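*Asks:* Got a structure for you, questions after.
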Amino acid sequence: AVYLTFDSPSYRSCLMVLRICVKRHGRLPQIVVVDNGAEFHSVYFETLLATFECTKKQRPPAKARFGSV
DNA sequence: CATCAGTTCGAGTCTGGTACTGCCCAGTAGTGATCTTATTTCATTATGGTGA
């Protein structure tokens, strides 16, 4: 899923990419890595991942190879 | 002798000792209504440091 918005990183971002994911494809990941953003340390994204049963994985700060691909 | 003092009789007046009558108010505890207040929640609002 690809999303484009003028705003800085904020949940809306996340609702969106995941909406399209669950829209044109069908479901959603199983383990979703996501750096140590704020959009990911928020309550909304974690609650949504819990609701849809996605294992949330977090790379350590300043390390980029963990999401290198 | 007839004047005044010591004696009587019965009525006037108070008072204790004993019993009794004709009459409605006052206080208290139920409810239902309508305020009233020392005290317990429902939102905004400011402060905080750091990884994308």
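Lettering and numbering for the structure tokens are positional, with chains as A, B, ... in the shown order, residues counted from 1 in each chain, and ligands counted from 1 in the shown order.
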Pull out every residue of chain A sitting within 7 Å of chain B, counting only C-alpha atoms (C1' of nucleotides), and send them as a list in words.

*Replies:*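 Going by the stated atoms only, the list reads residues 36, 37 and 61 of chain A.
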
*Asks:* As a PyMOL selection string, please: every residue in chain A that DSSP puts in alpha helix (DSSP H).

*Replies:* chain A and resi 12-20+43-52

*Asks:* Dump C-alpha atoms for the selected residues as a compact mmCIF listing (two decimals), in the first residue's frame?

*Replies:*
# COMPACT_ATOMS: atom_id res chain seq x y z
CA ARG A 12 -4.12 9.46 9.67
CA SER A 13 -1.24 8.22 7.67
CA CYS A 14 -1.54 4.84 9.28
CA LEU A 15 -5.32 4.52 8.97
CA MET A 16 -4.88 5.18 5.38
CA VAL A 17 -2.19 2.85 4.23
CA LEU A 18 -3.97 0.13 6.16
CA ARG A 19 -7.30 0.98 4.65
CA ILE A 20 -5.97 0.50 1.21
CA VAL A 43 -2.60 4.36 21.45
CA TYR A 44 -4.63 4.30 18.21
CA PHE A 45 -2.24 2.26 16.04
CA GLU A 46 -1.51 -0.23 18.82
CA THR A 47 -5.22 -0.63 19.57
CA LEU A 48 -5.99 -1.21 15.89
CA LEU A 49 -3.20 -3.78 15.55
CA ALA A 50 -4.52 -5.55 18.65
CA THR A 51 -8.05 -5.51 17.22
CA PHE A 52 -6.91 -7.04 13.92

*Asks:* As a PyMOL selection string, please: the residues near residue 30 in chain A (cut-off 8 Å, only C-alpha atoms (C1' of nucleotides), same-chain neighbours under 6 positions excluded).

*Replies:* chain A and resi 53-55

*Asks:* Between CA of residue 40 in chain A and CA of residue 7 in chain A, what is the distance, to one decimal in Å?

*Replies:*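 Pair CA of residue 40 in chain A / CA of residue 7 in chain A returns 15.9 Å.
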
*Asks:* Using only C-alpha atoms (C1' of nucleotides), determine which residues lie at most 10 Å from residue 35 in chain A, disregarding the query and same-chain residues fewer than 6 positions distant; provide the list as a list in words.

*Replies:*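 Those residues are residues 41, 57, 58, 59, 60, 61, 62, 63, 64, 66 and 67 of chain A; 51 and 52 of chain B.
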
*Asks:* Apply DSSP to the structure's backbone, then extract all residues of chain A labelled strand (DSSP E or B) and return them as a list in words.

*Replies:*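 Taking chain A and keeping strand (DSSP E or B) gives residues 31, 32, 33, 55, 56 and 57 of chain A.
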
*Asks:* What separation in Å, quoted to one decimal, exists between CA of residue 1 in chain A and CA of residue 31 in chain A?

*Replies:*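 That distance, rounded to one decimal, is 15.4 Å.
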